[PDB]
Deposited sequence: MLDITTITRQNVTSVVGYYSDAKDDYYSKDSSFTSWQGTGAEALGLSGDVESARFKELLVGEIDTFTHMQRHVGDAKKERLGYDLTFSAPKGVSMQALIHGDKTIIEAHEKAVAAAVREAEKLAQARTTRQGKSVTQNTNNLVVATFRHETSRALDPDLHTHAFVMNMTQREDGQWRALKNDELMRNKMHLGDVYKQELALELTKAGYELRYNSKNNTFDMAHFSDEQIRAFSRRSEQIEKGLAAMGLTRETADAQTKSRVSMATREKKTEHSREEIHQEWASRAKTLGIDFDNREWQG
């Protein structure tokens, strides 16, 4: 449902969107496979398809050519670059989307990810210094690059919602995410995705089967 991978300098080459084709500015232009999300992304003037060069700049804290974030206070290879929140659809749902080509499923999946992303924003914090003392500021803004993967084979519909390690403070300064609230809310975020997906599917008219034991769902008549 939800997996959270912490990306650092040690595992960066495994992050979604790290590689791209030289000829292309975008990974997939004129489609919904990628998109910028979050209030931080909008504050940066970012929306629609994700430009690979920009994604990679933000990955390593490059707000712009004159503005590189300092997030390293300790071993430099330990610096967190971001968090991959991977939202995976139930198996029957993936089958309906990928094996039956049901575009409605894709849309509901996207809505559910957007909803979970918005909930994630509530948990965004940054350290600051009021008057000599340190205080945690609720910033309510994230920069997120999302990449949808449609793996036809054992069907697996999921989206990588990559949360940059940054948030915009009240003073306009970009600082590292204080990830504590995010990390202890992994289960909550996963349930938000699950609930919104069920809600959207139900609204479209789909019959869903509920598993009381572990409080999950999947398409009625399907894995």
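Q: Where are the holes in the model when you compare it to the deposited sequence?
A: Model skips 154-155, 226-299 of the deposited chain.
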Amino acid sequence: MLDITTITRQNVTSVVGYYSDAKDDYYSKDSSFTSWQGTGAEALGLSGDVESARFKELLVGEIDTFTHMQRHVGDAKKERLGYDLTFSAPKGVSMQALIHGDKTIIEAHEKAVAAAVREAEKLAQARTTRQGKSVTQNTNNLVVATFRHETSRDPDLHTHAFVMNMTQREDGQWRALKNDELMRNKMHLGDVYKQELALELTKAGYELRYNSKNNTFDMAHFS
From here on, numbers count along this sequence of modelled residues.
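Q: State which stretch shows the higher mean Cα B factor in the entry: 171-179 or 29-37.
A: Mean C-alpha B-factor is greater for 29-37.
Q: Compare the mean C-alpha B-factor of 44-52 with that of 158-166 as given in the PDB entry, and name the stretch with the higher value.
A: In the deposited entry, the stretch with the higher C-alpha B-factor mean is 44-52.
Q: Residue 99's Cα B-factor: lowest, middle or highest third of the chain?
A: Its C-alpha B-factor, which the entry lists for residue 99, ranks in the highest third among residues of this chain.
Q: Per the entry's values, where does residue 74 land by CA temperature factor relative to the rest of its chain, in the lowest, middle or highest third?
A: Ranked within chain, residue 74 CA B lands in the highest tercile.
Q: Please rank the C-alpha B-factors of the chain's modelled residues and tell me whether residue 106 sits in the lowest, middle or highest third.
A: It belongs to the middle third of the chain when residues are ordered by C-alpha B-factor.
Q: Is residue 123 in the lowest, middle or highest third of its chain when residues are ranked by C-alpha B-factor?
A: Middle third by C-alpha B-factor.
Q: State the tercile, meaning the lowest, middle or highest third, of residue 68 with respect to the CA B-factors recorded for its chain.
A: As the PDB entry reports it, the C-alpha B-factor of residue 68 lands in the middle third of its chain.
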